[PDB]
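Remarks on the structure that follows.
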Amino acid sequence: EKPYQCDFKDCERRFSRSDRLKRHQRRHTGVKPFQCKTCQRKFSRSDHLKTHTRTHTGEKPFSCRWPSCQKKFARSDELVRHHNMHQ
DNA sequence: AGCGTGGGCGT
DNA sequence: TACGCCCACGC
Ligand SMILES: [Zn+2]
Ligand SMILES: [Zn+2]
Ligand SMILES: [Zn+2]
């Protein structure tokens, strides 16, 4: 069940926990509570701030597993796309 | 390619 | 609630 309904104009989204609704509603309000301390860009979410910060350090914790391919990536989804490309 | 960001789901 | 994962879409 998903009783936490979004009531913004024309929106039908519904969620199972209050914070999931709150997270979603930032897409309507444009509120960005989290700020990068390196470049001062602001973000709606702390998880997306965290992956953003890897753009400044070069940290790429996700490594391709194909032999003789040295490629690494900042996020899991970039590695999925890459592994899909090797086939 | 690299990464913003919206949403599912977890602890 | 804080914090964060994964996946998917769109530049
Ligand atoms: Zn909404
Ligand atoms: Zn930054
Ligand atoms: Zn590879």
Side-chain angles (χ1 to χ4, degrees):
Chain A
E1 192 207 43
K2 299 185 169 177
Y4 295 94
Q5 290 180 337
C6 187
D7 292 325
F8 282 64
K9 182 176 175 171
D10 294 339
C11 190
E12 300 184 320
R13 298 281 196 245
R14 57 172 80 156
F15 308 88
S16 56
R17 206 167 72 186
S18 64
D19 59 332
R20 297 172 175 169
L21 176 62
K22 181 178 186 160
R23 182 177 74 164
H24 159 72
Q25 286 173 329
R26 299 216 272 272
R27 87 155 301 173
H28 300 301
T29 62
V31 169
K32 293 183 181 179
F34 304 94
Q35 183 172 40
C36 180
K37 294 178 196 59
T38 295
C39 75
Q40 287 70 61
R41 183 170 185 156
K42 297 185 176 175
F43 297 83
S44 62
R45 292 157 51 167
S46 64
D47 51 1
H48 289 339
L49 171 57
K50 179 179 189 185
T51 58
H52 164 80
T53 68
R54 291 182 178 152
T55 72
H56 300 301
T57 61
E59 185 189 19
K60 294 178 174 186
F62 298 90
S63 292
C64 180
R65 295 170 182 241
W66 273 89
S68 81
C69 181
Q70 294 178 335
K71 303 283 188 169
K72 47 198 188 285
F73 306 93
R75 308 189 321 216
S76 62
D77 57 296
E78 287 174 280
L79 177 60
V80 168
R81 190 174 69 180
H82 181 74
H83 276 156
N84 288 344
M85 169 282 303
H86 281 287
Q87 296 155 27

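Order of the sequence lines fixes the chain letters, A, B, ..., with proteins taken first and strands second; residue numbering starts at 1 for each chain. Worth knowing before you read on, the calculation uses all heavy atoms, side chains too, and leaves out hydrogens, waters and symmetry mates.
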Subject >> Any residue meeting salt bridge (charged side-chain N to carboxylate O under 4.0 Å, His left out) with A/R75, in chain and number order, not counting sequence neighbours >> reply: A/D77
Subject >> Those residues that, when tested against A/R27, pass salt bridge (charged side-chain N to carboxylate O under 4.0 Å, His left out) (two or more places apart) >> reply: none
Original post:
Can you name the residues that form a side chain to side chain contact (heavy atoms under 4.5 Å, CB included) with A/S63, not counting sequence neighbours?
Top reply: A/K72
Any sub-3.5 Å donor-acceptor pair from [X]'s side-chain atoms to [Y]'s backbone N or O?
X     : Y     : answer
A/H86 : A/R65 : no
A/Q40 : A/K37 : yes
A/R54 : A/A74 : yes

Original post:
To the nearest 0.5 Å, what is the distance between NZ (A/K22) and OH (A/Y4)?
Top reply: 13.0 Å
Subject >> Nucleic acid footprint by protein, nucleotides 5-11 of chain C - heavy-atom cut-off 4.0 Å, B for base, S for sugar-phosphate alone >> reply: BSSB-B-
Original post:
Read from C1'-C2'-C3'-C4', is the pucker at C/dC6 north or south?
Top reply: south
Original post:
Can you tell me if the sugar in B/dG8 is north or south, using the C1'-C2'-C3'-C4' torsion?
Top reply: south
Original post:
Base, sugar-phosphate alone, or nothing: which one does A/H82 contact when heavy atoms must sit under 4.0 Å apart?
Top reply: nothing
Original post:
So what does A/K71 hit on the nucleic acid, given a heavy-atom distance under 4.0 Å: a base, only sugar-phosphate, or nothing?
Top reply: nothing
Original post:
Where does the chain A footprint on DNA chain B start and end, counting 5' to 3' with a 4.0 Å heavy-atom cut-off?
Top reply: B/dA1 to B/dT11
**OP:** Apply side chain to side chain donor-acceptor pair (under 3.5 Å) to A/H48 and A/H52, showing your working.
**Re:** CA-CA 6 Å; A/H48 289 339; A/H52 164 80; over 6 Å; no
Original post:
Under 6.0 Å from the CD atom of A/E59, do we count more than 12 heavy atoms belonging to anything else shown?
Top reply: yes
Original post:
Applying the side-chain hydrogen bond (donor to acceptor under 3.5 Å, both in side chains) test to A/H28, which of A/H24, A/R26, A/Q25 qualifies?
Top reply: A/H24
Nucleotide N/O of nucleotides 1-3 of chain C paired with protein N/O under 3.5 Å:
{"residue": "C/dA2", "atom": "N6", "partner": "A/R17", "partner atom": "NH2", "Å": "3.2"}

